[PDB]
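The data below hold one chain only, encoded as structure tokens and taken in the form deposited in one PDB entry.
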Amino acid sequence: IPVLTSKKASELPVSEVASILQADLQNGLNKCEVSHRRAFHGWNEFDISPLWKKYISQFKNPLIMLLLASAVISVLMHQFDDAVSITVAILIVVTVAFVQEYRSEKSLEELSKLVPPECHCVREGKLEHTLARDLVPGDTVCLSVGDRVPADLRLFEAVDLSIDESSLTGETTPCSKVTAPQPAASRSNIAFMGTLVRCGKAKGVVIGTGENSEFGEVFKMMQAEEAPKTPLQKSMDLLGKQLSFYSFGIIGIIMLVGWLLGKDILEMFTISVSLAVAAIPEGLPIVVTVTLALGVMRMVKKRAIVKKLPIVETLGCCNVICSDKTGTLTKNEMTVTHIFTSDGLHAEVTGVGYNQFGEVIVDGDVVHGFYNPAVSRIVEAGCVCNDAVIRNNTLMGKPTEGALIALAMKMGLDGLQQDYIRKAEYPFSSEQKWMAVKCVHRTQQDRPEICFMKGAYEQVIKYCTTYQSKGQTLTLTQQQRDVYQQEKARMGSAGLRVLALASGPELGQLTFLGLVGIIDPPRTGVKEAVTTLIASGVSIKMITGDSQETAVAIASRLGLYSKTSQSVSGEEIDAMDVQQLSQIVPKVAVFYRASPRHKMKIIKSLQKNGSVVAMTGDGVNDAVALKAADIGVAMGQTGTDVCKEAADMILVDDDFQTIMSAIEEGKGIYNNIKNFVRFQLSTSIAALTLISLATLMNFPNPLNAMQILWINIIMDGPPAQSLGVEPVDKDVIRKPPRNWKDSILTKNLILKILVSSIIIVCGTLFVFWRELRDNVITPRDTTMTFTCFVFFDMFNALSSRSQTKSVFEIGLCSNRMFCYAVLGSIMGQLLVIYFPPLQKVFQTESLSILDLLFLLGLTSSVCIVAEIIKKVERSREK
């Protein structure tokens, strides 16, 4: 089949468009006709989308640039070993960050492949769920509500399609699609790929595949966009710049003191360059990137797709989770089970699912066809007034419409959908809360147009002037309204979604036939996750458009609505401006009868109170709320493609505890970054204080430049990036949600930093004095001082793994990367002491076993002090 342009296919009529593609409009192409056009045209992907460029990309990090400048200066001053050491440090930190980023991106790609784009395609006469990639031209694709168009289609059936094209055209207003050919962007019959179906149903024939799509260049350029830097990454780059600049000032003070007081200028320059490389947090942006990437991988292994990286930082700060009852807190497997007619009879509908199986029983007697008139008109309105179909036991439209269709097929009144010809349709909006169609009968065209309306009880009864009683139409009376409201509240209190139905001539003069109770069971595992998130201090709220009784009963069953809890309507939200809404909104647990405008108002009011809202709603109309929230969560398995396109994060298995896990890794990210910050800052302050005291008090320098560069490799390389790998605990399950502000340098953290630095400096200077008592500066002195500082740093790294828990509690072997890095640093120090060329380049000398034992015992004191402070603080908090 030759490829056809969309404009030509728009001018041309549908019949010939099917002919050129040899398309079967009803049965669809079988596998044989699919295979040939697949071989000719190819698969539907945009063909195929440099690793060395990504490796090079890391070097514009300003701290890495400062280290490169220091290495260049070392090269200029003929310092071979210094330049090699600095370059090795840069290469190892860059390699760590690059490997972590690559692994996270590959895992994210695998998870994205685990959720492929799909569509409803009829091929063998059976409507199946086929991937958008498998489409070949001429295939027949059925478009439902909240569907992303899989390929460029020519719609031969379109009753009330309304498709938004904001991503492609740039206009937010959806455009109606009509199946009539368009003679001579303006294609009102071609459904372009990449747009989303806001409303209505359709069936079309695909006219494009691969690069033949008319508007595929925007999606091509879309992949070439690069994700901007995360706000945490920006703030931690700023923090590293502050730390490097303060250390630069201190090092300049050291160098000026050395020059004015009198020392070797070249030696002071080498020490200054080595100290600048030391105290610059070259591993801080790298550890932030590693923590973010590792959190992405962990929540990928939790079956959650992270579309945007700055969400992982924000899930830790989340404190309120606002969800929808339909599709999020309930499995959305909707079913009509109770009918209350306008007369007063009660009908029980058995069976569950979007099928014809089950019967309507009235007073113990099965009712089919037109045995009971009022139930028959109820079922007829519920069948005709929809835009949903049930084909091959699969639903197309909204589940609440499919429940009515299944009820009609249960009663055998499905053929009444075809008997009525729709000429006027009032499109559903959640603000309206009702829908209506004006139809005429096929067999009796002489009969006047009759309008069917279904919706919320208040909106429907606002348009009803009459009602049915025993088969005759009477004027609607007030006690009839009272008993209808009482029965509606009675079904809603049992967890039934109540739909009111009216059939009559024109609008505003209809007959109220009664109500149907639609059972929507709650989603499994939501109650336990609500309990866990409440125990975590993360409040959970329900925002709905459904009635008070249904929302309250569902929330009571889940557990987010206690006996002493408040529920507020959308109209009360309208009556409350910013000041009252901001104070009432934490008290309310259930928001019912709220339009998406009211949902967005609730999100804005909760965000105004310093809260991080994580909206987990579904629905083709609830997407401005998902984009407006700080975090937008959707359901991968059972969710509209509109939400999954709008969501920031997608749950693959549709599990509410996964949001809790995302919050826990969000907290663990900041915990690990605090660990790195405290370790690096303590050892950097220790080294800076040692050199400052040596220059001020005229002692020989305890450390030389190559020793300071090895101390850099320890303090910013693998021994310190291992602390960003440190696993999450269970305390973050009970920990109060972190403030959205960074506040990285806690006063307690700074106090423990200064404590660790003070013990390290004092012990190292004590060893220096112990071997300097003889007044001869033998390089055994320098090697004892160097080993003392390195072992002090190793014990400081052991201490810095967890701020609160004791080292025995978390486990010495819990962090394998930390153990490997500690062993590597110990081996490197042993080589520096015991390998004669390394001894020559580091100006060291061999040591005795007893001297090493003394150094180990002395350096254990910083770990002992840290453990004592940890135990004291833990006992004080209890």
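Between two forms, the rigid core is the largest collection of C-alphas that superpose within 1.5 Å. Start at 1 with the first residue shown and count on from there.
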property: Residues of the deposited sequence left unbuilt between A185 and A184; result: 4 to 9
property: Unresolved deposited residues in the interval that joins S49 and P50; result: 1 to 3
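Omitted here: the form deposited in another entry. The next part is about that form.
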| item | value |
| --- | --- |
| Of the candidates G344, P779, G559, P586, the only Cα that travels 2 Å or more between the shown form and the other one, given a rigid-core fit | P779 |
| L63 C-alpha relocation of at least 2 Å between the shown form and the other one, rigid core basis | yes |
| Rigid-core frame, C-alpha of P285, shift of 2 angstroms or more between the shown form and the other one | yes |
| C-alpha of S605 off by 2 Å or more between the shown form and the other one on rigid core | no |
